[PDB]
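Single chain ahead, written as structure tokens, the form deposited in one PDB entry.
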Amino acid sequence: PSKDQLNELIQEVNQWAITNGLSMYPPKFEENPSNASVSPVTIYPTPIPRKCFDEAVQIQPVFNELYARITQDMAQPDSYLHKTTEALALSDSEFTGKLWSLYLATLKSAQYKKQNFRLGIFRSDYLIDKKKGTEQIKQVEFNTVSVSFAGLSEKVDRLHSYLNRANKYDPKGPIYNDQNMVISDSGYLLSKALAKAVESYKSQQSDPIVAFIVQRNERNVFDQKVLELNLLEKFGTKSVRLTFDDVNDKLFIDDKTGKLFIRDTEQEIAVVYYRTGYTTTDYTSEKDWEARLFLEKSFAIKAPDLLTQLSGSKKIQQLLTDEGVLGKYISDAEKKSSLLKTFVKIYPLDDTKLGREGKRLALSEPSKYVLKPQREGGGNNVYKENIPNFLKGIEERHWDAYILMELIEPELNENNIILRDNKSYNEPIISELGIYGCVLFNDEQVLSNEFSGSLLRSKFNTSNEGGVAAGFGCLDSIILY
């Protein structure tokens, strides 16, 4: 775009975004939460092959079923996966081990029937791998807890649709075919899933609510608000926002039924939906771990419960790459095949046959991999030629704290513009396709399993006047081709 065209387009974006709540709190918003900023976004949609997008959408229920079955297997105290997971958890005592200890505590006898239905609100993330001309969605990871952006996704998609249909991209007319402009309904669909869990809770017995368990001073609250509003306006269901402090201070469990209530209001909580509790810093003291256990012991349906959260571990992602292991959870030949083609090679770094080969590859051909820690979210992946130096810096026995993953090689989009805090950036971006999926299941049955929308997160990483390794992520949208 010209200089003047870009500036007018930027103000069109800020204006539409603010009018529609496509927003996020800035750092230190605590000082004045009556103000918010436009969420970081691209100005144009990013091209994604229609074949790739359709494949991602179609396989989501298969992934939902797979992770539900894995969770169910983990839920059997006498199973091999239960032992396997305990072993992995004990290796990460500061986080995974604490989650595991809470889970063991839920196995103790209760005076009431326990809640066995759980809701998995998931997101499968992909990079479109391009090797020797073959284009194939490849899974980066599978998210099983507190997945973000279902609400803002709907809004960035509608922002770009608007700019196209309202002749803002070009005053003479649309520059895109609206039939190729993806418009996610992920906000509505996640709310529908939460309502489904409420339906399940009621069927086991009243105007129960959904308790949103949130991070203290959460900056991404407007993304979450879309779900709170949809639950009320579309599903007539109320909700509350509770931090771990609020859980400890305001909730109680009825000893005879296990039902969860807000003390001074008598509101009954049907579903505990987590938007916090996925990284060590989310638990600021032993009291927060106690709060999580309290919620997990109650009769409310958790979204997700402890085991479902634990099923999304990098170790399990690695394990599933073995066709024999996969087949213990998905026996359908075609589903199994469909799943395997979205996987790249992933190796453990332990003393097993596979682990020894991973160690050999990590040192001999590091350029082809990314070393990823089993404890998630720390932003500590180690790439390519940097791998040997990192590994040599720690005892070989501790290499098991990581997995070695084949590097996915997507094409970069060189024709988009990123907007953040009224500043634009013309840099090449990598785009990660997210597909939401929600599955309601218990110890053995699966009651609802659906595709729940899409997301496209893009980011750039460059060294320029903005700094070395400058760059950040933003919400993008999809134009199919």
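Note that residue numbering follows the sequence shown and begins at 1.
This next part talks about the form deposited in another entry, which is not shown.
J.: Between two rigid parts that rotate between this form and the one not shown, there's a hinge somewhere. Which of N180, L407, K328, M24 is there?
T.: Selected hinge residue: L407.
J.: Explain in one word, closer or farther, how the Cα atoms of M405 and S146 are placed in the other form relative to this form, where the distance changes by 3 Å or more.
T.: Between the C-alphas of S146 and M405, the gap widens in the other form (3 Å or more compared with this form).
J.: Quick one: in the other form, is the Cα gap between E365 and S337 smaller or bigger than here? Answer closer or farther; it shifts by 3 Å or more.
T.: Closer is correct, given that in the other form the C-alpha spacing of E365 to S337 is reduced by at least 3 Å.
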